[PDB]
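# Commentary on secondary and tertiary structure
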Amino acid sequence: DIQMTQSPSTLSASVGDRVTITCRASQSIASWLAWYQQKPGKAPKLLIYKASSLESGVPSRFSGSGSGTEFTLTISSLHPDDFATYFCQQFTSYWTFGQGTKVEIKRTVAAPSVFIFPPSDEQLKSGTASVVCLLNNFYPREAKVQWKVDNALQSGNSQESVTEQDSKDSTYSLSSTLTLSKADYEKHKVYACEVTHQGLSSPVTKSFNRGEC
Amino acid sequence: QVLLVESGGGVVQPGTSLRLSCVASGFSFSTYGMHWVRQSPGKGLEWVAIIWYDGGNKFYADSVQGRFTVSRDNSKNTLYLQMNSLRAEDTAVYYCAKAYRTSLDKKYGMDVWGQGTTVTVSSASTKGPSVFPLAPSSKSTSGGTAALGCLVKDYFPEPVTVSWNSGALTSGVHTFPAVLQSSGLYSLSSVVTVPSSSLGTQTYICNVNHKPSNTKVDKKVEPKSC
Amino acid sequence: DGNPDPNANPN
């Protein structure tokens, strides 16, 4: 029955860096706070109990501090095994958790490689048309993939999917899929996706005309 | 050695009932209290229910109150969660957690969680995937590199597994996390970046397996003239 | 012992 708020929601850092995650409570919870670590696809693992006590087997680089309404978790030297999502929990008035804080690996900026795929004739024979724009091996994750159909920005007709950070080179990949009915696809000519990213000096656009591809 | 494993999850239609199960090992299940916690992508981690060691005291969250029921059989070392009147917002991964050790403390939390069982509430029925090619062209090239792929669209339920050239192609593949569409069906893409000179002599096939429907589609991605 | 608190000792 006590709300728990975390900050930041995403934290980018390099290996060997010091990071601190803050966890705030709506009312005082004394020291009845726990810290969890969750890697994607796995269950949360308890790292710190009662605000400051490290559980067995957790490296000493992890530390907790705080009382009452504000608490902190501090990693002194980030190891490649510490990059995960971190939740805080109070356990004095039932059990409530924070939104979460994802630790991301900061690396050198890598510009995305943008490709576009026009719809297949087999899908057009089914009455629908999906156009897919692909951004491959880029950092950071923040990117803007805008769909322009006949030089008109498109809204509410595309779904995106980002991959998890790559193990080898710590890059991301993204796929934006613009699905239209075959009737509306044949109404327009030029289909394009424009990509704005920090690694790109200028926005990059990949386009195809309907009928010429 | 404290190991908790959940079962009972699956795809259910709204308004029906489901009983999840959590098996314990490595500790004295009878002497410990147990928790149920769920995690959905939107609402995050959310506590559901706690049950006492004897099976007497039971407390629930107001969201599941009147519908969910927690129980345990300390002879079978199994914890239960009977979920009735299922709604779409009860769709999440459900974990079972064991309480903390008895101490001189007055407030207690959880220490060890289990892997988790996924509950999906939907009105959709089992549908096979329709695989469509992402054909390479001059518009998917970038300096001696080309991109191809396959679109696995309108399937239910998860999972689908995509392989390339029956597993002989292991490099350059990026399969994307599936996205749920407005239809209630899932869709994803699996793309591969290959040399542009290989498109004339090398054949690239996407092998898509969707065991919920016992369907296996193999699709050849051919270059298109543009 | 008989503390009716839900966060009391469940063991």
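Rules used in this analysis
- Positions along each chain are numbered from 1 by the written sequence. They may not match the entry numbering, and residues without coordinates are not shown.
- Here the convention is simple: chains get letters from A, ligands get numbers from 1, in the order in which they are written.
- Side-chain measures here rest on the full set of heavy atoms in the structure, leaving out hydrogens and waters.
- Residues with missing side-chain atoms are left out of burial classes, side-chain pairs and their counts.
- Starting at the N terminus, helices and strands are each numbered in turn, a helix being any DSSP run of H or I of at least four residues and a strand any DSSP run of E of at least two.
- Segmentation of the chain into domains, including their bounds, is taken from an automatic or database domain assignment.
- Residue contacts are defined here by distance: any two heavy atoms, one from each residue, within 4.5 Å place the two residues in contact.
- Put simply, buried area is the surface a 1.4 Å probe can reach on two separate parts but cannot reach once they are joined, added for both.
- What counts as a salt bridge is simple: a side-chain nitrogen of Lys or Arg found within 4 Å of a carboxyl oxygen of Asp or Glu.
- By the criterion applied in these results, polar contacts are pairs of N or O atoms within 3.5 Å in which, for protein atoms, one can donate a hydrogen and the other can accept it, and in which residues neighboring in sequence qualify only through two side-chain atoms.
- Any residue outside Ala, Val, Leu, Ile, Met, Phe, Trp, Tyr, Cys, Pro, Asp, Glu, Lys and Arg is labelled polar, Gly included; the first ten of those are nonpolar and the last four are charged.
- Count a disulfide wherever a pair of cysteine sulfur atoms falls within 2.5 Å.
- Think of it in three bands: residues with accessible area under 20% of the maximum for their type are buried, residues over 50% are exposed, and the middle band is partly exposed, with areas taken using a 1.4 Å probe on protein chains only.

This entry, as listed in the PDB, derives from X-ray crystallography and reports a resolution of 2.95 Å.

Under the PDB entry, the name given to chain B is Ky15.2 Antibody, heavy chain, and the organism recorded is Mus musculus.

Looking at the PDB entry, chain A carries the name Ky15.2 Antibody, light chain, with the source organism given as Mus musculus.

### Some thoughts on unusual backbone geometry
At the junction of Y139(A) and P140(A), the peptide bond is cis and its omega measures out at 0° in the coordinates. Mapping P140(A) onto the fold places it in the loop between β13 (128–138) and β14 (144–149). Here the bond from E158(B) into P159(B) is cis, since omega is 5°, no more than 30 degrees from zero. Even without a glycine there, the phi angle at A51(A) is positive, about 75°. Position of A51(A) relative to the elements: it lies in the loop between β5 (45–49) and β6 (53–54). With a phi close to 60°, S170(A) is a non-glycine residue in the positive phi region. Structurally, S170(A) can be placed in the loop between β16 (158–162) and β17 (172–181).

### Structural notes on the domain arrangement of chain A
Residue and element names in this part refer to chain A. The domain boundaries assigned to chain A delineate domain 1 (4–105) and domain 2 (113–209). With centres defined by C-alpha atoms, the gap from domain 1 to domain 2 works out at 36 Å. With five residues of domain 1 at the contact, the number on the domain 2 side is six residues. Interface area, domain 1 with domain 2, both sides summed: about 450 Å², of which 34% is carbon and sulfur. A per-residue breakdown of the area domain 1 buries against domain 2 is headed by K102, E104 and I105, which together make up 80% of the total. At the surface where domain 1 touches domain 2, the tally comes to zero salt bridges. Here domain 1 is connected to domain 2 by five residue pairs in polar contact. When residues of the side of domain 1 that touches domain 2 are assigned to their parent elements, the largest contribution, three residues, is made by strand β11 (residues 101–105). Per-class residue counts for the side of domain 1 that touches domain 2 are two nonpolar, one polar and two charged.

### Observations regarding the interface of chain A and chain B
Counting residues at the interface gives 43 residues for chain A and 46 residues for chain B. Top element by residues in the side of chain A that touches chain B is β13(A). It accounts for five residues.

### Some thoughts on the state of the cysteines
Using the criterion set out here, one finds four disulfides over all chains in the structure. With its sulfur 2.0 Å from that of its partner, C133(A) forms a disulfide with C193(A). Linking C133(A) and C193(A), the disulfide has an S-S dihedral of approximately 80° and is accordingly described as right-handed. Residue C133(A) is located in strand β13, and its partner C193(A) is located in strand β18 (residues 190–196); the two are separated by 60 residues in the primary sequence. A residue is classified by how much of its surface remains accessible, and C133(A), at 0% relative accessible area, is buried. A residue is classified by how much of its surface remains accessible, and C193(A), at 0% relative accessible area, is buried. Across the disulfide from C22(B) sits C96(B); the S-S distance is 2.0 Å. Here the disulfide of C22(B) and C96(B) is right-handed, its torsion about the S-S bond being about 70°. With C22(B) in strand β3 (residues 18–25) and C96(B) in strand β9 (residues 92–99), the pair connects residues that are 74 residues apart, well separated along the chain. In this structure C96(B) comes out as buried when scored by relative accessible area, which is 0%. When the bonded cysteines of chain B are counted from the start of the sequence, the pairing works out to 1-2, 3-4. Sequential numbering of the bridged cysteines in chain A gives the disulfide pattern 1-2, 3-4.

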